[PDB]
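Here's a solo chain for you in C-alpha cells, the form deposited in one PDB entry.
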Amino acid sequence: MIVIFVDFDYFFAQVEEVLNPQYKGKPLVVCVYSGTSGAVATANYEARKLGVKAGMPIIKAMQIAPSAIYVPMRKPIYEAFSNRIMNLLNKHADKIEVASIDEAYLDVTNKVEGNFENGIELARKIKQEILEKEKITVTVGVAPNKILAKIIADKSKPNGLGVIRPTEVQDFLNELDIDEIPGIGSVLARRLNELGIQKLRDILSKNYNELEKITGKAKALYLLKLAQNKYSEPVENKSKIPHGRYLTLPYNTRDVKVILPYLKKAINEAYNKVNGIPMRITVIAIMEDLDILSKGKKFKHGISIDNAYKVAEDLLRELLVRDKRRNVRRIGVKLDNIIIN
C-alpha cells in the first residue's frame, strides 16, 4: 500500500497571507476567542521567529511581538480554502480520508501501480500543484501505511517531503522514538519511560500485560502491530471534519413542538453543508444554566435527512427523558464520520 499524507503548513496564517499580500514578511498572529479569552490560533513565519506559538495567550504574544498584526480567526474562509485543496488531492487518490481542516491521507497504490518511486514523484507533483494553484506550502509523507506516513511528515515539517520505503521500513522502526507516535503524548511517554521504553523496538522484549496496564488493550495491541510491522488498517473514503449548526431559542423551553422547528433548521444548515453521508448524528441541547446534553446514533451505514429528522427527534425526546429538570436555551446538531463518494 502507498499512502501520501498531506498536512498544511500553519494553514490559517498562510491563508491570511494569501488574501492579504501585505502581511507577508511581517509578523502575523491569527487569534481565537471562546464563548472573553484570546489565544494564538496560528502565527506566520516572522511571528514564530519571535517565539509566538499556538495556545499562547494574546497579551503574552503582544509582549514578545508588539509589531505583530493580530487578526481574528475566520473559520468559513479557511474551510473554503481547505475544500479547494481537498478537491485537488481527490483527483490524485484512489481513496482519500480527510482527517481534519489541514490534514488528508491519500491511498495512491493504484494510481502509481504499486511503484513506490512513482509514489514519491506523485507527492512531489502534489506539493508543486497546491503551491501553484493555491499558493500554499504543504508537507507530505509517503509511506507503506497511514501512521508511518503521518510520522514521517511530522518529522519533515515545514514544507517537506518525508519518505519511508517498504524496503527500508525496519531501519525506521528501529530508530523510532516512543514519544514520536500518534496516541502517545507527554503523559503516556513518561510512564513508558518508567519501564525503560524509549524506542519502539523495546516493547518486543517487555512483558505484554504491563504495557496494557499503562495504556489499555486498545493502544497496547496498537503499538505491538506497529513494532511488528503488521499494522494494516486502510484508507477509507471518509471525511472526519464535523459539520454542525446551532440556533438560540427565543426563550428557554422544554416543549418538543417548540424546539423542533429550530432543530429541523439546524439539521438543514448542517446536511446542506455536507457533500456525502454522515455516519453519526449528534443532537446537542445547551441548557438554561449553559450545561450540555448530547446523544448520537452511530449508524452502521449512513444517515440521510429523510432518515435523520425522527432519528434526531427521539434523540431529543430522550435528552428530555434524561433531563426533566432543565429547559433548553440553544439547540444544535452535529454530523460527522461522513462517507465520501
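Between two forms, the rigid core is defined as the largest C-alpha subset superposing within 1.5 Å. Position 1 is the first residue in the sequence shown; the rest follow in order. Residues that one form lacks are left out of the comparison.
The same protein has a further form, the form deposited in another entry, not shown here; the description that follows concerns it.
- Comparing the two forms between the shown form and the other one on the rigid core, the single residue of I96, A266, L192, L148 with a CA shift of 2 Å or greater is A266.
- Once both forms are overlaid on the rigid core, the distance between the two CA positions of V169 between the shown form and the other one is under 2 angstroms.
- After superposing the rigid core, the C-alpha of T109 moves by less than 2 Å between the shown form and the other one.
- After superposition on the rigid core, the Cα atom of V6 is displaced by less than 2 Å between the shown form and the other one.
- In that other deposited form, the CA atoms of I303 and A93 move apart by 3 angstroms or more relative to this form.
- In sequence order, the runs of at least 3 consecutive residues whose Cα atoms each shift by 2 Å or more between the shown form and the other one, relative to the superposed core, are 33-35, 193-195, 246-340.
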